[PDB]
Amino acid sequence: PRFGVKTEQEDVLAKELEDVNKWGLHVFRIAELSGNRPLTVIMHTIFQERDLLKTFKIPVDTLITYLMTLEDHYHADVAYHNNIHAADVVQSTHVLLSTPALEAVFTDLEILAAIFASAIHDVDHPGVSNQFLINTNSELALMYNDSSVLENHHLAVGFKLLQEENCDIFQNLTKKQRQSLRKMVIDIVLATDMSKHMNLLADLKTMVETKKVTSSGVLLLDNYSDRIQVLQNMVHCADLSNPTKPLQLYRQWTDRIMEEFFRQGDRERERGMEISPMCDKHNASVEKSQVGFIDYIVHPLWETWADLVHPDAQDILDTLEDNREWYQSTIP
Amino acid sequence: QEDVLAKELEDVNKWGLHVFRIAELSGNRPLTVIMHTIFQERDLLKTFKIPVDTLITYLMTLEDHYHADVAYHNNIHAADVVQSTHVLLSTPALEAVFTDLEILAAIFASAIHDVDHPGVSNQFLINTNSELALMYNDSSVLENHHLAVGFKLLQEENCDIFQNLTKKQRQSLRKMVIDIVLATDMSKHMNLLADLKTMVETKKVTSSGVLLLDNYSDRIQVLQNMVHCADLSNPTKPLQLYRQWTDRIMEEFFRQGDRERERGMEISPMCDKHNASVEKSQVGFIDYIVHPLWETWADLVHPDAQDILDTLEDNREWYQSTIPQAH
Ligand SMILES: COc1ccc(/C(C)=N/OCCC(=O)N2CCOCC2)cc1OC1CCCC1
Ligand SMILES: COc1ccc(/C(C)=N/OCCC(=O)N2CCOCC2)cc1OC1CCCC1
Ligand SMILES: [Mg+2]
Ligand SMILES: [Mg+2]
Ligand SMILES: [Mg+2]
Ligand SMILES: [Mg+2]
Ligand SMILES: [Mg+2]
Ligand SMILES: [Mg+2]
Ligand SMILES: [Mg+2]
Ligand SMILES: [Mg+2]
Ligand SMILES: [Zn+2]
Ligand SMILES: [Zn+2]
């Protein structure tokens, strides 16, 4: 099939996929047009556009088989942490990687690692937080000793699915390419644990203070530490990009995260536990909480990214400020 | 003979307990016997309302999950690390420093710290694409697994020894045990040592000469290094014990090297039965790992550990004495 899956009209899906290189791709429409296969469709498109199948000798049927299997392990009944979110983070990383300040900085293997990490970074998410898994003595928290419980699990699942029949998209990488990619993917997905956000941002501010740049604004990264730190922060920014998107996308993302949070709070309430912050549907201030989220997490991060790639992210920052105003203006 | 076993257990508060003798006399139950003795000695059953039958049931199932056919990383090693931690906890420089819950965490951590060890290193598990390294993303693979198994066994029938701890105590113990067992990963050794050296530099002592450890970070750092020292204590023991430990670790390493050889892999250092010297390997282990750590522990608690450091230095001089050297 043209776009990796069957669709009732590829012509509409093709028109939408022309925005795969743009911030604010219509990812919910892509999900509908692809029969709920946005992750497979978007990954297929990106791998073809970046010529990654030829570079890494990835058979296209192997790519599609792995992507379908991976997409199937995102839960259909989780409102936010599902295959649409995975597709969104993939596509947002794909746009961030093309930013002019990063031209020719990353190798094809680093690009592959960032995209693959984005695709697997929330797989098999149960719709509850690490702290909920710890507080309820879950098997997952027992397995992972309360540390980056979900993020360790997403990695283990995403790598394990490579072992299924006709799913090993890395079969033609060399042994050291495989080792390098595995290390980068682990480093990137572990950095999506929000318990690491403050340290990650503090370190990113330090890199920005000492950035080295060519005449035309292209960053000069010196070693693995520099490269992986930019990739970690890139995928973290993509994971935290909802409020920087066109407002209709952001509004839907907010509706979905609140649905998932409220379902967690209901589980907490039913077990007599303290309800987690922003998970009480009976005592919620959705609009206020979005403004607080932007003020304390999203704008500090994106203003630092925008500094790193100046001026590449100026419109993203401007959209963030407009979207902050939307939620401020709709506080009851 | 239960008579001789009680005599051997008389030395449970001394460095150099004959743990191999206790293993034989107890019917291969050194971990159960030594944990029970130490829990009685420290009055831990009464402090934490641990039913004695619950303790024995948990300890027997924990001991069952150390592998008999692993020559070094088995229940005797667990029992040795427990008893060594038990001695280090009573060092005069740390008198009345640690709470009973901190003491319980350090001893429990020692007891579980190598459970279900397969007899191969983290690097081997990573390099062979093992399921354990896949589960744990190549990071403290075995130590994460030891923790998960040791805690999981608390769920077995009549095995929850922490059942009468408060919720808060249980959460604190769990955190402390995780922090301690993860610090036994040798890839963290240089960072642990660099930080311990700096803690020694700036250490604070009471009048009485006892260390002052104000917050959790300083307290847990001392417990981490203290169990790491116990894990690395074999060369500080009397030569007749140290020789037995050296035999066991080389058997285990050589079996890993045989698997690497069968697989066409580069044999890990010190794992080639054909091209390795015991003496050079032990002198190197002492010079580059064990003595740098123990001289720093000895600095922290000076002069409490001088006899331990004296034995270590004697054993190093002993094992280097048959290696030809320029004079
Ligand atoms: C559109 O609104 C939101 C979108 C996403 C999120 C996040 C970050 N949710 O975190 C849950 C998963 C999580 O913990 N992660 C994954 C991302 O990076 C950090 C680690 C939060 C949102 O708004 C929240 C804050 C105000 C009340 C609802
Ligand atoms: C009774 O003997 C031993 C007990 C325990 C261990 C441990 C914890 N080994 O961890 C491997 C790292 C290691 O040993 N290194 C790496 C850096 O250079 C020095 C050597 C090692 C023991 O002796 C080993 C070394 C001598 C031959 C067998
Ligand atoms: Mg190129
Ligand atoms: Mg996540
Ligand atoms: Mg091939
Ligand atoms: Mg640099
Ligand atoms: Mg009220
Ligand atoms: Mg160990
Ligand atoms: Mg001998
Ligand atoms: Mg020295
Ligand atoms: Zn995510
Ligand atoms: Zn050990």
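Numbering of ligands and ligand atoms starts at 1, following listing order. Scope of the values below: all heavy atoms of this structure, side chains included, with no hydrogens, waters or symmetry mates. Just so we're on the same page: letters track the sequence lines, and every chain starts at 1.
By the 3.5 Å distance cut-off applied to N or O atoms, A:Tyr80 is not counted among the residues near ligand 1.
Ionic pairing of A:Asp295 and A:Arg324 is present here: one or more N-O contacts between side-chain nitrogen and carboxylate oxygen are shorter than 4.0 angstrom. Ionic pairing of A:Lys196 and A:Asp203 is not present here: no N-O contact between side-chain nitrogen and carboxylate oxygen is shorter than 4.0 angstrom. Using a cut-off of 4.0 Å between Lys/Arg side-chain N and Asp/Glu carboxylate O, A:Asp266 and A:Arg263 are scored as not salt-bridged. Taking a cutoff of 4.0 Å between a charged side-chain nitrogen and a carboxylate oxygen, B:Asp80 and B:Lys237 qualify as a salt bridge.
Between B:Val70 and B:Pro118 the shortest side-chain heavy-atom distance does not fall below 4.5 Å. Between B:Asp231 and B:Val81 there is a side-chain heavy-atom pair separated by less than 4.5 Å. Side-chain contact between B:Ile22 and B:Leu17 is present, with at least one heavy-atom pair separated by less than 4.5 Å. Here the side chains of A:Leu97 and A:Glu110 are not in contact, with every heavy-atom distance at 4.5 Å or above. With contacts defined as side-chain heavy-atom distances shorter than 4.5 Å, the pair A:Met258/A:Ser289 does not qualify. With a 4.5 Å cut-off on side-chain heavy atoms, A:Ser138 and A:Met143 do not count as touching. Looking at heavy atoms from C-beta onward, A:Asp280 lies out of side-chain contact with A:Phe262 at the 4.5 angstrom threshold.
Closest protein heavy atom to atom 8 (C) of ligand 1: A:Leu240 CD2, 3.4 Å. Atom 4 (C) of ligand 1 has A:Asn242 OD1, 3.5 Å as its closest protein atom, hydrogens excluded (heavy atom only). If you check which protein heavy atom lies closest to atom 10 (O) of ligand 1, you get A:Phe261 CZ, 4.2 Å. Nearest protein heavy-atom neighbour of atom 17 (C) of ligand 1: A:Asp239 OD2, 3.1 Å. From the protein, the heavy atom lying nearest to atom 22 (C) of ligand 1 is A:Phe293 CE2, 3.5 Å. Closest to atom 23 (O) of ligand 1 among all protein heavy atoms lies A:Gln290 NE2, 3.1 Å.
Heavy-atom contacts of A:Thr192 reach the following atoms of ligand 1: 18 (O), 19 (C), 20 (C) (cutoff under 4.0 Å). The A:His81 neighbourhood of ligand 1 comprises atoms 11 (C), 12 (C), with distances under 4.0 Å to a heavy atom of that residue. Distances below 4.0 Å separate heavy atoms of A:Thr254 from the following atoms of ligand 1: 1 (C).
When B:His145, B:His67, B:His77 are each tested for a side-chain hydrogen bond (donor to acceptor under 3.5 Å, both in side chains) with B:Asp114, only one passes: B:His77.
Distances from the Mg ion (ligand 6) to each N, O or S atom of A:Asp222 single out OD2 as the nearest. No other N/O/S atom of A:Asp226 lies as close to the Mg ion (ligand 6) as OD2 does.
Not a single heavy atom of A:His197 sits under 4.0 Å from any atom of ligand 1. The shortest separation from a heavy atom of A:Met258 to ligand 1 is under 4.0 Å, placing the residue in contact.
Ring geometry for B:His189 versus B:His228: interplanar angle of 30 to 60°, hence tilted. The aromatic rings of A:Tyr144 and B:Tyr136 stand perpendicular to each other, their planes meeting at an angle above 60°, with 30° marking the opposite boundary.
Here the Zn ion (ligand 12) has protein N, O or S atoms under 2.8 Å from it, and they come to 4.
When non-hydrogen atoms are compared, ligand 1 lies under 4.0 Å from neither the backbone nor the side chain of A:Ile297.
Looking at A:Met194, A:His121, A:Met278 and measuring to atom 14 (O) of ligand 1, the nearest heavy atom belongs to A:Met194.
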